[PDB]
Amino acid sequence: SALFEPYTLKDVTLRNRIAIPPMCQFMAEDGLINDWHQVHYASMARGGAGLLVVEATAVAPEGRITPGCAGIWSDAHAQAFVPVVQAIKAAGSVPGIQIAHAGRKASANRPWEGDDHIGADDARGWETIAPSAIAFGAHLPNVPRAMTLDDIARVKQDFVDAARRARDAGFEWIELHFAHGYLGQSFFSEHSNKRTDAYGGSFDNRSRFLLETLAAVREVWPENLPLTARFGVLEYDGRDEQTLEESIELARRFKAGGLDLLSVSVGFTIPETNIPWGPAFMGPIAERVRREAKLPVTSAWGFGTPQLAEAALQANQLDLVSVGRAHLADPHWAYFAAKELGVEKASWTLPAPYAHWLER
């Protein structure tokens, strides 16, 4: 089974090709994780996935999506991640973290608490920032404050500080969150970036915030640990061929700037789109990024059935298959996949106290 072949990248060896992508839990308080996250991450890691990327973790308080989002904007926040890192590693998985800034989508309620913007004057809300003073719209109406050059410098340094904290907490894999309509994605997209200075307009200018942030993080993130990013490569906004071509060029520049692997996703920059509502539509798109930018990739969105994950690898569309919601449903999904694909000694995907009893 291709899904259960190991994978090497820099000094890291993943025991299989199953990655758990970042999934916000909305359970932190003032950015601090707690026993929700400790059990959640340790259980999924014991389930057998080779890599576990911890949820979008804000580089600054205003970069949280919600009041429940994790943060890494102080040393105390970073120290709280140490037992999570160590439990993931003790399970034989590789601990990663996605560091993030929600941009204009920040200051929102938790998804099961309305999912909508909280006003900045509410005690629970705060002021949001973005490349341009233009709202997402729909349930996120609040107009963000357009960033100055000083704001750009400050946020970049927050990403750098977050990466250094993640390093010292023991994460072995980092992912910059440049996808999903948050700050980085919104600098890239002409829908949200109306700037006419050095950070807007041309392809070079729209790419600048992302490339400068990557380069600044690269100075502090160890050369021997994978440096990765998530990026939305199309929007399903009627401009897909041109947008994908530009995104592939940015991926080439990421590679030239030291990126080791790209998590290929959708932009979600604006609500006026027509994104597919079915599984594995990203397969051929991720494949094109991988082949044309000559860079390892992962992708997600419906690959959480064992045969689909296996097919994507056999087709060389992906190097790792990210499986998100299936791991919320079943933290031992990797074992389920091994069983379904007929892997020899499939139960030993799990630790001995489970594996011994579940042997075929």
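All residue numbers are counted from 1 along the displayed sequence.
Checked against the record, the higher mean CA B factor of 263 to 271 and 238 to 246 lies with 238 to 246. Per-stretch averaging of Cα B factors for 12 to 20 and 337 to 345 places 337 to 345 on top. When the C-alpha B-factors of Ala146, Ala166, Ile88, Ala229 are read from the PDB record, the largest value belongs to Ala146. Across the options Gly103, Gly71, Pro83, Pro276, the residue with the most elevated CA B-factor in the record is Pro276.
Ranked by Cα temperature factor within the chain, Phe171 sits in the lowest third according to the deposited record. Looking at the C-alpha B-factors along this chain, the one for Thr57 belongs to the lowest third. Per the deposited record, the Cα B-factor of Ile97 falls in the lowest third when ranked against the other modelled residues of its chain. The PDB entry assigns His177 a C-alpha temperature factor belonging to the lowest third of its chain's modelled residues.
Ranked by Cα temperature factor within the chain, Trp301 sits in the middle third according to the deposited record.
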